[PDB]
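> Sharing a structure with you now.
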Amino acid sequence: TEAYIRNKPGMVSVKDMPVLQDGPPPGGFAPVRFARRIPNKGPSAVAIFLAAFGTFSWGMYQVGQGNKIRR
Amino acid sequence: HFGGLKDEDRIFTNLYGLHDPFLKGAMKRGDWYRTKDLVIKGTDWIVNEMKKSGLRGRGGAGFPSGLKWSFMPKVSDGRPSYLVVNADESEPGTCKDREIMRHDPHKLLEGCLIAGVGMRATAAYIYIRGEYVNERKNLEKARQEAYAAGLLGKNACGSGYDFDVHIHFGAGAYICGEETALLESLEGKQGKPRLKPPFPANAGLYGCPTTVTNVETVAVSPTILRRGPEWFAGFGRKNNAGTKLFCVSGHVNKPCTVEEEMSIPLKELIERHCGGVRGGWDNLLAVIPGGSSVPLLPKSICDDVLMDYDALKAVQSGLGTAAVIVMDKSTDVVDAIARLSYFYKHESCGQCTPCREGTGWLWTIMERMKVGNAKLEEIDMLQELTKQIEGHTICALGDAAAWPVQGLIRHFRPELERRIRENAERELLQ
Ligand SMILES: Cc1cc2nc3c(=O)[nH]c(=O)nc-3n(C[C@H](O)[C@H](O)[C@H](O)COP(=O)(O)O)c2cc1C
Ligand code: SF4
């Protein structure tokens, strides 16, 4: 019998029987961010191109100086 | 309006046994007066007089005695046919047949003769309950006196009717009061009632056509025949008419058995001949109007209810054996009905499932609810179990066990509510 299995010390009616199952805590959990957030905070395209070009120019100048010293 | 019988209109003039109950007393009081003429008059004449006298079965069923007698076969077949007289009263509260057999046995014997003549019965068997042994001895002595005087035997009277009356005693069983169970017990088997495709008027005591009739009806048969059916129909009202002896017992001041006109108010019956409730009318709580079979009634209904077949049936109850058991405010009606359920569980024969098991279940539930160890849905389940037991059982003892619980649920439900709530509070506190 359901009442026999779920008997309460001081209950009178079959209703308000004790119950405790897995479920949300009071408040219903928290949002979980189903969407995606990909930030693009890397260097700009013009910045890296200018860096590469300046690096190439200064490196060729250094190559010239080193070749002069070796000569 | 109804009631207040005079000593001349009372049928059982030796109810308390203040005079000689034997043959000499019987002749002095007016027994065996014109039995020869009554037998000579005719079986059909006797049946017609019973039919137009308004007499109804006094064993509880209330079926018309005249029609019940006319149900017998008119043409004498090979089978001898039988009369049986139900002296086996075991329903709680009623003791009228005890007094009838003990103090007016010659009236019972003359009634057996008259009923056998009117139903073309070869022989009669009086089934006394095993508990009644002094009454059985008195009836044996009366039967021997009648046989010696020639009132019974090959020549019952100047008429040529052949009639033999024997008495057989039970061994303490309440189911044996039922007609088919009584026939089975008289056959020498267990007191287990039969079903009802074969009616007892077709295949009864030994397979022969027999008729089972109550002691009170069979005993009042000669008196109403001698005094006229109109005289009997004068008392009472409508269909249910005549003189019925009520046993008033319980918490009344002076419990007593008294013969009174039919359709007397219950209050008037209690507070005129018996004496009244122990602490006045206001002290009265609940009255069971018939035996323990019929449902009880609260104080409110008993103020104006009439002690007869119809008014007690107009309310959800029945007259039954018309033995009122009163209960005042001092007692607990829940415990009273629990004891009644225990009695029915004890006295069920246990051949058919709804009564063999259901009566025990009802007793256990009533015992639980007496203390209060139950639930609201459990009293609802108790009512449902009552309904399940009632209509699906072999005999009327299932109804007799179901009815008191149903009446208690119908009327005294708040008492059960209070008991259950109090026990729940006590359990929570503990
Ligand atoms: C549980 C139960 C108890 C009975 N008790 C009695 C009883 O005490 N006396 C009796 O005459 N019949 C008793 N009977 C049988 C019926 O009252 C039956 O109708 C009766 O024997 C014949 O009806 P009558 O009143 O027309 O004579 C009982 C039946 C049952 C089912
Ligand atoms: S109702 Fe069934 S169990 Fe009850 S006494 Fe009758 S036959 Fe037996």
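Every chain in the structure tokens takes a letter, A first, then B, and so on in the order presented; its residues are numbered from 1, and the ligands are numbered from 1 following the presented order.
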May I have a table of the residues of chain B lying at most 10 Å from chain A, giving each one's closest pair of atoms and their distance in Å to one decimal, counting only C-alpha atoms, ordered by chain and ascending residue number, as CSV?

residue,atom,partner,partner_atom,distance
B:373,CA,A:12,CA,9.4
B:374,CA,A:12,CA,7.8
B:375,CA,A:13,CA,5.6
B:376,CA,A:13,CA,5.8
B:377,CA,A:13,CA,6.7
B:378,CA,A:13,CA,8.8
B:417,CA,A:12,CA,9.7
B:420,CA,A:12,CA,7.1
B:421,CA,A:12,CA,6.4
B:422,CA,A:12,CA,9.4
B:423,CA,A:12,CA,8.7
B:424,CA,A:10,CA,5.3
B:425,CA,A:10,CA,6.4
B:426,CA,A:10,CA,8.0
B:427,CA,A:10,CA,5.6
B:428,CA,A:10,CA,4.0
B:429,CA,A:10,CA,7.8
B:430,CA,A:9,CA,8.6
> I need the residues from that last selection saved to file as an mmCIF file, in the first residue's frame (with N, CA, C and O atoms), if you can.

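What ended up in result_38.cif:
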data_model
loop_
_atom_site.group_PDB
_atom_site.id
_atom_site.type_symbol
_atom_site.label_atom_id
_atom_site.label_comp_id
_atom_site.auth_asym_id
_atom_site.auth_seq_id
_atom_site.Cartn_x
_atom_site.Cartn_y
_atom_site.Cartn_z
ATOM 1 N N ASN B 373 -7.084 4.510 14.535
ATOM 2 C CA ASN B 373 -5.936 4.212 13.679
ATOM 3 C C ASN B 373 -6.438 3.929 12.267
ATOM 4 O O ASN B 373 -6.507 2.785 11.808
ATOM 5 N N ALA B 374 -6.792 4.999 11.563
ATOM 6 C CA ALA B 374 -7.312 4.884 10.208
ATOM 7 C C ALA B 374 -7.120 6.216 9.493
ATOM 8 O O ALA B 374 -6.411 7.105 9.978
ATOM 9 N N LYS B 375 -7.750 6.349 8.327
ATOM 10 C CA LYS B 375 -7.678 7.561 7.525
ATOM 11 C C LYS B 375 -9.051 7.865 6.940
ATOM 12 O O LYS B 375 -9.958 7.027 6.940
ATOM 13 N N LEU B 376 -9.194 9.096 6.443
ATOM 14 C CA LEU B 376 -10.438 9.508 5.804
ATOM 15 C C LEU B 376 -10.716 8.652 4.574
ATOM 16 O O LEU B 376 -11.824 8.126 4.383
ATOM 17 N N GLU B 377 -9.700 8.487 3.730
ATOM 18 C CA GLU B 377 -9.827 7.581 2.603
ATOM 19 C C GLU B 377 -10.026 6.147 3.059
ATOM 20 O O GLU B 377 -10.593 5.348 2.313
ATOM 21 N N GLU B 378 -9.616 5.806 4.284
ATOM 22 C CA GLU B 378 -9.872 4.455 4.769
ATOM 23 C C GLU B 378 -11.329 4.269 5.176
ATOM 24 O O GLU B 378 -11.879 3.180 5.009
ATOM 25 N N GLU B 417 -14.444 10.859 12.126
ATOM 26 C CA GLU B 417 -13.531 11.932 11.744
ATOM 27 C C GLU B 417 -12.765 12.437 12.958
ATOM 28 O O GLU B 417 -11.537 12.589 12.921
ATOM 29 N N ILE B 420 -10.217 9.784 14.269
ATOM 30 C CA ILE B 420 -9.038 9.674 13.418
ATOM 31 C C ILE B 420 -8.142 10.895 13.580
ATOM 32 O O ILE B 420 -6.915 10.770 13.676
ATOM 33 N N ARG B 421 -8.732 12.093 13.617
ATOM 34 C CA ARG B 421 -7.929 13.302 13.777
ATOM 35 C C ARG B 421 -7.236 13.333 15.134
ATOM 36 O O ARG B 421 -6.069 13.732 15.235
ATOM 37 N N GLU B 422 -7.937 12.916 16.191
ATOM 38 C CA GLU B 422 -7.329 12.875 17.516
ATOM 39 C C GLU B 422 -6.174 11.886 17.563
ATOM 40 O O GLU B 422 -5.122 12.177 18.146
ATOM 41 N N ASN B 423 -6.344 10.709 16.954
ATOM 42 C CA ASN B 423 -5.256 9.737 16.951
ATOM 43 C C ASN B 423 -4.076 10.244 16.129
ATOM 44 O O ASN B 423 -2.918 10.015 16.494
ATOM 45 N N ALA B 424 -4.347 10.936 15.020
ATOM 46 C CA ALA B 424 -3.262 11.517 14.236
ATOM 47 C C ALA B 424 -2.500 12.561 15.043
ATOM 48 O O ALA B 424 -1.263 12.603 15.009
ATOM 49 N N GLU B 425 -3.223 13.409 15.778
ATOM 50 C CA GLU B 425 -2.565 14.400 16.624
ATOM 51 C C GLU B 425 -1.729 13.732 17.708
ATOM 52 O O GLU B 425 -0.603 14.162 17.988
ATOM 53 N N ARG B 426 -2.263 12.678 18.330
ATOM 54 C CA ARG B 426 -1.514 11.971 19.365
ATOM 55 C C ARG B 426 -0.260 11.317 18.795
ATOM 56 O O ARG B 426 0.804 11.344 19.424
ATOM 57 N N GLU B 427 -0.370 10.719 17.606
ATOM 58 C CA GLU B 427 0.791 10.109 16.968
ATOM 59 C C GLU B 427 1.845 11.155 16.628
ATOM 60 O O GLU B 427 3.045 10.918 16.806
ATOM 61 N N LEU B 428 1.414 12.317 16.129
ATOM 62 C CA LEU B 428 2.360 13.389 15.834
ATOM 63 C C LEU B 428 3.046 13.873 17.104
ATOM 64 O O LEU B 428 4.254 14.139 17.104
ATOM 65 N N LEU B 429 2.289 14.002 18.197
ATOM 66 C CA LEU B 429 2.876 14.427 19.463
ATOM 67 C C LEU B 429 3.886 13.404 19.971
ATOM 68 O O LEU B 429 4.954 13.772 20.473
ATOM 69 N N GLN B 430 3.566 12.120 19.853
ATOM 70 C CA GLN B 430 4.463 11.063 20.308
ATOM 71 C C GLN B 430 5.668 10.930 19.383
ATOM 72 O O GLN B 430 6.656 10.282 19.725
#
> Collect all residues with atoms no farther than 8 Å from ligand 2, counting only C-alpha atoms and all ligand atoms, and output them as a short mmCIF file (atom, residue, chain, number, x, y, z; two decimals) with N, CA and C atoms, in the first residue's frame.

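Heads up, here's the output in part37.cif:
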data_model
loop_
_atom_site.label_atom_id
_atom_site.label_comp_id
_atom_site.auth_asym_id
_atom_site.auth_seq_id
_atom_site.Cartn_x
_atom_site.Cartn_y
_atom_site.Cartn_z
N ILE B 175 -25.98 -18.73 11.29
CA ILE B 175 -26.35 -18.94 9.89
C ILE B 175 -27.49 -19.94 9.78
N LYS B 192 -24.69 -24.60 5.82
CA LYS B 192 -24.29 -23.74 4.73
C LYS B 192 -25.47 -23.49 3.81
N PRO B 193 -25.93 -22.25 3.67
CA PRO B 193 -27.12 -21.99 2.86
C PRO B 193 -26.90 -22.31 1.39
N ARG B 194 -27.99 -22.70 0.74
CA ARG B 194 -27.99 -22.96 -0.69
C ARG B 194 -28.18 -21.65 -1.46
N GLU B 347 -19.87 -15.52 13.01
CA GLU B 347 -21.03 -16.35 12.68
C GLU B 347 -21.23 -16.58 11.19
N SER B 348 -20.41 -15.99 10.32
CA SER B 348 -20.50 -16.31 8.90
C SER B 348 -20.06 -17.75 8.67
N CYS B 349 -20.72 -18.43 7.72
CA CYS B 349 -20.40 -19.84 7.51
C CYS B 349 -19.06 -19.98 6.80
N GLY B 350 -18.71 -19.00 5.97
CA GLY B 350 -17.51 -19.05 5.17
C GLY B 350 -17.52 -20.02 4.01
N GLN B 351 -18.59 -20.03 3.21
CA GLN B 351 -18.53 -20.76 1.94
C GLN B 351 -18.36 -19.84 0.75
N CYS B 352 -18.87 -18.62 0.80
CA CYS B 352 -18.82 -17.71 -0.33
C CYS B 352 -17.84 -16.58 -0.03
N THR B 353 -17.03 -16.23 -1.02
CA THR B 353 -15.84 -15.41 -0.78
C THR B 353 -16.15 -14.04 -0.19
N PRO B 354 -17.09 -13.24 -0.73
CA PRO B 354 -17.27 -11.88 -0.19
C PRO B 354 -17.65 -11.83 1.28
N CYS B 355 -18.30 -12.86 1.81
CA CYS B 355 -18.65 -12.89 3.23
C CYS B 355 -17.64 -13.62 4.09
N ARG B 356 -16.96 -14.63 3.54
CA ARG B 356 -15.95 -15.35 4.31
C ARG B 356 -14.78 -14.45 4.67
N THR B 393 -23.05 -11.84 -2.46
CA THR B 393 -22.87 -12.93 -1.51
C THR B 393 -24.06 -13.87 -1.57
N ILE B 394 -23.84 -15.11 -1.10
CA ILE B 394 -24.84 -16.16 -1.29
C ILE B 394 -26.13 -15.84 -0.55
N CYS B 395 -26.05 -15.52 0.74
CA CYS B 395 -27.30 -15.28 1.44
C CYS B 395 -27.36 -13.84 1.95
N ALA B 396 -28.39 -13.56 2.74
CA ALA B 396 -28.61 -12.22 3.27
C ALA B 396 -27.75 -11.91 4.48
N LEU B 397 -26.92 -12.86 4.93
CA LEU B 397 -26.02 -12.54 6.04
C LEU B 397 -24.93 -11.58 5.59
N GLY B 398 -24.57 -11.60 4.31
CA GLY B 398 -23.68 -10.57 3.80
C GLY B 398 -24.28 -9.18 3.91
N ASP B 399 -25.56 -9.05 3.56
CA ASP B 399 -26.26 -7.79 3.77
C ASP B 399 -26.34 -7.45 5.25
#
> Let me have all residues with an atom within 7 Å of ligand 1, counting only C-alpha atoms and all ligand atoms, laid out as an NGL selection string.
:B and (56-65 or 86-91 or 174-175 or 177-179 or 212-215 or 217 or 395-397 or 400)
> Can you tell me how far atom CA of residue 292 of chain B sits from atom CA of residue 272 of chain B, in Å to one decimal?
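Distance reported for this atom pair: 23.4 Å.
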> Just want the 9 Å neighbourhood of segment 221-234 of chain B, counted on only C-alpha atoms, with same-chain residues fewer than 3 positions away dropped. Output as a short mmCIF file (atom, residue, chain, number, x, y, z; two decimals) with C-alpha atoms, in the first residue's frame.

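selection.cif, written as the output of this step:
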data_model
loop_
_atom_site.label_atom_id
_atom_site.label_comp_id
_atom_site.auth_asym_id
_atom_site.auth_seq_id
_atom_site.Cartn_x
_atom_site.Cartn_y
_atom_site.Cartn_z
CA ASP B 9 -56.52 -7.56 21.54
CA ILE B 11 -52.43 -12.34 21.00
CA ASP B 31 -56.29 -22.73 22.34
CA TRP B 32 -57.48 -25.66 20.21
CA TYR B 33 -60.98 -24.20 20.28
CA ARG B 34 -62.26 -25.05 16.78
CA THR B 35 -59.19 -26.53 15.12
CA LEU B 38 -60.58 -24.72 10.81
CA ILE B 46 -56.96 -20.78 4.94
CA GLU B 49 -57.74 -15.74 4.86
CA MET B 50 -53.98 -15.34 5.31
CA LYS B 51 -53.72 -13.39 2.04
CA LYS B 52 -56.50 -10.98 3.03
CA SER B 53 -55.35 -10.71 6.67
CA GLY B 54 -52.36 -8.56 5.74
CA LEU B 55 -49.98 -10.76 7.73
CA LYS B 107 -50.13 -21.92 20.30
CA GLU B 110 -51.67 -25.34 16.72
CA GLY B 111 -50.04 -22.89 14.33
CA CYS B 112 -47.85 -25.66 12.92
CA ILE B 114 -52.85 -24.91 10.72
CA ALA B 115 -49.94 -23.94 8.46
CA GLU B 216 -44.34 -15.65 15.43
CA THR B 217 -46.22 -15.84 12.12
CA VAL B 218 -47.06 -19.52 12.49
CA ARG B 237 -51.65 0.86 8.76
CA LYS B 238 -51.60 0.11 5.01
CA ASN B 239 -49.73 -3.10 4.07
CA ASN B 240 -47.82 -3.62 7.33
CA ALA B 241 -50.57 -4.38 9.84
CA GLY B 242 -51.14 -6.51 12.92
CA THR B 243 -49.66 -7.06 16.37
#
> Taking 4 positions as the minimum chain separation for residues in the same chain, which residues sit within 12 Å of segment 137-140 of chain B when counting only C-alpha atoms? Answer as an MDAnalysis selection string.
chainID B and resid 20:23 87 97:109 126:128 130:133 144:147 165:169
> Once you have the residues from the selection above, write them out as an mmCIF file, in the first residue's frame, restricted to C-alpha atoms.

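Contents of again34.cif, as written:
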data_model
loop_
_atom_site.group_PDB
_atom_site.id
_atom_site.type_symbol
_atom_site.label_atom_id
_atom_site.label_comp_id
_atom_site.auth_asym_id
_atom_site.auth_seq_id
_atom_site.Cartn_x
_atom_site.Cartn_y
_atom_site.Cartn_z
ATOM 1 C CA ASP B 20 -49.932 -22.390 33.208
ATOM 2 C CA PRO B 21 -48.317 -22.792 29.752
ATOM 3 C CA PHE B 22 -49.454 -26.406 29.293
ATOM 4 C CA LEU B 23 -52.570 -27.927 27.715
ATOM 5 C CA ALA B 87 -37.309 -21.427 16.162
ATOM 6 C CA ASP B 97 -39.461 -16.809 19.843
ATOM 7 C CA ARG B 98 -37.850 -17.836 23.132
ATOM 8 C CA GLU B 99 -40.815 -16.461 25.082
ATOM 9 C CA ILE B 100 -43.330 -17.854 22.581
ATOM 10 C CA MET B 101 -41.899 -21.376 22.790
ATOM 11 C CA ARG B 102 -41.382 -21.262 26.556
ATOM 12 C CA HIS B 103 -44.771 -19.893 27.621
ATOM 13 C CA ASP B 104 -47.210 -20.527 24.725
ATOM 14 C CA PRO B 105 -46.017 -23.775 23.120
ATOM 15 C CA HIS B 106 -49.520 -25.053 22.363
ATOM 16 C CA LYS B 107 -50.135 -21.919 20.299
ATOM 17 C CA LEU B 108 -47.011 -22.811 18.312
ATOM 18 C CA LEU B 109 -48.193 -26.406 17.849
ATOM 19 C CA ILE B 126 -39.650 -27.126 14.410
ATOM 20 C CA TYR B 127 -35.981 -26.093 14.306
ATOM 21 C CA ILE B 128 -35.127 -24.927 17.815
ATOM 22 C CA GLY B 130 -29.348 -25.501 20.383
ATOM 23 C CA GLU B 131 -29.024 -22.898 23.133
ATOM 24 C CA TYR B 132 -32.729 -23.129 24.019
ATOM 25 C CA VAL B 133 -32.819 -26.345 26.054
ATOM 26 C CA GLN B 144 -46.368 -35.083 24.094
ATOM 27 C CA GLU B 145 -49.470 -33.583 25.721
ATOM 28 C CA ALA B 146 -50.950 -32.774 22.307
ATOM 29 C CA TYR B 147 -50.193 -36.264 20.981
ATOM 30 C CA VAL B 165 -44.830 -32.552 14.169
ATOM 31 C CA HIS B 166 -41.227 -33.243 15.158
ATOM 32 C CA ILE B 167 -38.736 -30.853 16.749
ATOM 33 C CA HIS B 168 -35.042 -30.765 15.837
ATOM 34 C CA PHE B 169 -32.441 -28.683 17.660
#
> Mind giving me the straight-line distance from atom CA of residue 258 of chain B to atom CA of residue 298 of chain B in Å, one decimal?
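Straight-line distance from atom CA of residue 258 of chain B to atom CA of residue 298 of chain B works out to 22.8 Å.
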> Just asking: which residues within segment 25-200 of chain B are strand (DSSP E) according to DSSP, as a list in words?
residues 82, 83, 84, 85, 86, 87, 123, 124, 125, 126, 127, 128, 164, 165, 166, 167, 168 and 169 of chain B
> Create the file for the chosen residues now, containing N, CA and C atoms and written as an mmCIF file, in the first residue's frame.

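Wrote selection.cif, looks like this:
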data_model
loop_
_atom_site.group_PDB
_atom_site.id
_atom_site.type_symbol
_atom_site.label_atom_id
_atom_site.label_comp_id
_atom_site.auth_asym_id
_atom_site.auth_seq_id
_atom_site.Cartn_x
_atom_site.Cartn_y
_atom_site.Cartn_z
ATOM 1 N N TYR B 82 -43.263 -30.428 3.103
ATOM 2 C CA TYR B 82 -42.910 -30.234 4.502
ATOM 3 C C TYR B 82 -43.138 -28.795 4.942
ATOM 4 N N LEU B 83 -43.484 -28.648 6.217
ATOM 5 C CA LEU B 83 -43.439 -27.378 6.923
ATOM 6 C C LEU B 83 -42.226 -27.357 7.838
ATOM 7 N N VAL B 84 -41.531 -26.225 7.884
ATOM 8 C CA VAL B 84 -40.446 -26.018 8.830
ATOM 9 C C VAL B 84 -40.683 -24.695 9.541
ATOM 10 N N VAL B 85 -40.518 -24.703 10.858
ATOM 11 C CA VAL B 85 -40.785 -23.547 11.703
ATOM 12 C C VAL B 85 -39.468 -23.099 12.318
ATOM 13 N N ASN B 86 -39.068 -21.867 12.011
ATOM 14 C CA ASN B 86 -37.765 -21.331 12.401
ATOM 15 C C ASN B 86 -37.815 -20.863 13.847
ATOM 16 N N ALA B 87 -37.504 -21.772 14.763
ATOM 17 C CA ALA B 87 -37.309 -21.427 16.162
ATOM 18 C C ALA B 87 -35.857 -21.091 16.472
ATOM 19 N N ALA B 123 -45.762 -33.253 7.020
ATOM 20 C CA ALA B 123 -45.166 -33.203 8.345
ATOM 21 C C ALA B 123 -44.537 -31.837 8.574
ATOM 22 N N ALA B 124 -44.324 -31.521 9.848
ATOM 23 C CA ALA B 124 -43.719 -30.265 10.264
ATOM 24 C C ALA B 124 -42.504 -30.537 11.138
ATOM 25 N N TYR B 125 -41.470 -29.721 10.955
ATOM 26 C CA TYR B 125 -40.246 -29.777 11.744
ATOM 27 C C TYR B 125 -40.017 -28.407 12.363
ATOM 28 N N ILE B 126 -39.914 -28.362 13.684
ATOM 29 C CA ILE B 126 -39.650 -27.126 14.410
ATOM 30 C C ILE B 126 -38.162 -27.102 14.733
ATOM 31 N N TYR B 127 -37.433 -26.155 14.146
ATOM 32 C CA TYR B 127 -35.981 -26.093 14.306
ATOM 33 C C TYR B 127 -35.657 -25.138 15.446
ATOM 34 N N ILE B 128 -35.519 -25.695 16.640
ATOM 35 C CA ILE B 128 -35.127 -24.927 17.815
ATOM 36 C C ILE B 128 -33.618 -24.735 17.804
ATOM 37 N N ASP B 164 -47.923 -34.837 11.398
ATOM 38 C CA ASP B 164 -46.969 -35.188 12.440
ATOM 39 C C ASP B 164 -45.978 -34.047 12.604
ATOM 40 N N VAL B 165 -45.758 -33.629 13.847
ATOM 41 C CA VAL B 165 -44.830 -32.552 14.169
ATOM 42 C C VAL B 165 -43.664 -33.138 14.950
ATOM 43 N N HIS B 166 -42.453 -32.880 14.472
ATOM 44 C CA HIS B 166 -41.227 -33.243 15.158
ATOM 45 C C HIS B 166 -40.427 -31.975 15.408
ATOM 46 N N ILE B 167 -39.586 -31.993 16.435
ATOM 47 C CA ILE B 167 -38.736 -30.853 16.749
ATOM 48 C C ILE B 167 -37.281 -31.297 16.693
ATOM 49 N N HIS B 168 -36.467 -30.519 15.990
ATOM 50 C CA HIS B 168 -35.042 -30.765 15.837
ATOM 51 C C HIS B 168 -34.290 -29.542 16.333
ATOM 52 N N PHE B 169 -33.195 -29.766 17.050
ATOM 53 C CA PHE B 169 -32.441 -28.683 17.660
ATOM 54 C C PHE B 169 -31.090 -28.522 16.977
#
> So that I can check the secondary structure, give me every residue of segment 182-369 of chain B assigned helix (DSSP H, G or I) by backbone DSSP, as a VMD selection string.
chain B and resid 182 to 186 215 to 227 229 to 234 266 to 274 281 to 283 299 to 302 311 to 314 333 to 347 353 to 356 358 to 369
> In Å, with one decimal, what is the gap from atom CA of residue 340 of chain B to atom CA of residue 404 of chain B?
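Between atom CA of residue 340 of chain B and atom CA of residue 404 of chain B the gap works out to 7.9 Å.
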> So that I can see what lies close to segment 244-251 of chain B, please list as number ranges by chain the residues with an atom at most 6 Å from it, counting only C-alpha atoms and leaving out residues fewer than 2 positions away in the same chain.
B: 255-260, 278, 322-327
> Please provide the set of residues having any atom within 8 Å of residue 329 of chain B, restricted to only C-alpha atoms, with same-chain residues fewer than 2 positions apart removed, written as number ranges by chain.
B: 283-285, 327, 331-332
> Write the residues of the preceding selection, restricted to N, CA, C and O atoms, as a PDB file, in the first residue's frame.

ATOM      1  N   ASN B 283     -30.899  12.067  26.313  1.00  0.00           N
ATOM      2  CA  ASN B 283     -29.720  11.226  26.476  1.00  0.00           C
ATOM      3  C   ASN B 283     -29.587  10.178  25.382  1.00  0.00           C
ATOM      4  O   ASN B 283     -28.504   9.600  25.235  1.00  0.00           O
ATOM      5  N   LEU B 284     -30.643   9.921  24.615  1.00  0.00           N
ATOM      6  CA  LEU B 284     -30.600   8.872  23.607  1.00  0.00           C
ATOM      7  C   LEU B 284     -29.695   9.278  22.451  1.00  0.00           C
ATOM      8  O   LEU B 284     -29.813  10.383  21.914  1.00  0.00           O
ATOM      9  N   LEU B 285     -28.787   8.381  22.069  1.00  0.00           N
ATOM     10  CA  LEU B 285     -27.868   8.632  20.965  1.00  0.00           C
ATOM     11  C   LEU B 285     -28.305   7.923  19.686  1.00  0.00           C
ATOM     12  O   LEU B 285     -28.573   8.575  18.672  1.00  0.00           O
ATOM     13  N   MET B 327     -28.978   2.975  22.552  1.00  0.00           N
ATOM     14  CA  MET B 327     -27.664   3.357  23.051  1.00  0.00           C
ATOM     15  C   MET B 327     -27.702   4.841  23.364  1.00  0.00           C
ATOM     16  O   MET B 327     -28.014   5.652  22.485  1.00  0.00           O
ATOM     17  N   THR B 331     -22.310   5.392  25.986  1.00  0.00           N
ATOM     18  CA  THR B 331     -21.565   4.377  25.260  1.00  0.00           C
ATOM     19  C   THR B 331     -20.963   4.951  23.980  1.00  0.00           C
ATOM     20  O   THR B 331     -21.187   6.107  23.614  1.00  0.00           O
ATOM     21  N   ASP B 332     -20.183   4.118  23.295  1.00  0.00           N
ATOM     22  CA  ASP B 332     -19.556   4.473  22.028  1.00  0.00           C
ATOM     23  C   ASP B 332     -20.125   3.587  20.924  1.00  0.00           C
ATOM     24  O   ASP B 332     -19.889   2.369  20.895  1.00  0.00           O
TER      25      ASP B 332
END
